[PDB]
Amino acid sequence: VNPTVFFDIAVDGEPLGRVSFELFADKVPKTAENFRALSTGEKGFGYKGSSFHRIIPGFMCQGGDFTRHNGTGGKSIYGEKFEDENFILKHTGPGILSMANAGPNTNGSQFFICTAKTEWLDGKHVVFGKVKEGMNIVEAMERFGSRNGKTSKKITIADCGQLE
C-alpha cells in the first residue's frame, strides 16, 4: 500500500484532531518518501512540533518549517533542496497535499494542504498526497487564518508518524 501518515494538530497546545494523509508513493516515490520520513522523525529531524505558519481560508494551509520556525526554513531528507519529481497530479480540490517551493527544483520540507481547487499551481508545485481522514480538522484550522495567511493562534503538529 501507499504510505499513510498522521498529524495530531494542536491549537495553542490544546488538541484539535488528527489529519491522516495517503502519500502517492506509486506515482511520486521520492517526494512521498521525504514527507514520510519527516513525519516519522526517523532521520533525527522532521515535522514534529513545527507549525502551520500560513493559513489562507478558502485557499490552503502551509507548514513544514522545522529549522527556522518562521516560514523561511526547509530541509529535505536529500539535502536542503531536491528537484521537482514530476507534475503528474494536479491541484483538483480540497485535501490535496503538495510541496511548497521558491521556484523550480527547490523542494525542501514545506508543504501545503489545499482547501479548494487551486489549478494555477499545476505544473509549479509537486502534488504527492491527499487527506484521507480528518478533513474537518483542516477546515477547523482555517478559522485561525487570515487573508494574508497570518495565524491568530499557534497551530502545531503536536505529534506525527506513520500508520502504514
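Just count from 1 along the sequence shown to find any residue number.
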{"property": "Which of 87-95 and 74-82 has higher mean CA B factor, as the PDB entry lists it", "result": "87-95"}
{"property": "Mean temperature factor over C-alpha atoms, higher-scoring stretch between 31-39 and 115-123", "result": "115-123"}
{"property": "Member of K132, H53, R68, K48 with the greatest C-alpha B factor (per the PDB record)", "result": "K132"}
{"property": "Chain-relative CA temperature factor third for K153", "result": "middle"}
{"property": "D159 CA temperature factor, ranked by third within the chain", "result": "middle"}
{"property": "Position of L16 among the chain's modelled residues by C-alpha B-factor, lowest, middle or highest third", "result": "middle"}
{"property": "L23 - which third its CA temperature factor falls in, relative to the rest of the chain", "result": "highest"}
{"property": "Within-chain third of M141 by Cα B-factor, per the entry", "result": "middle"}
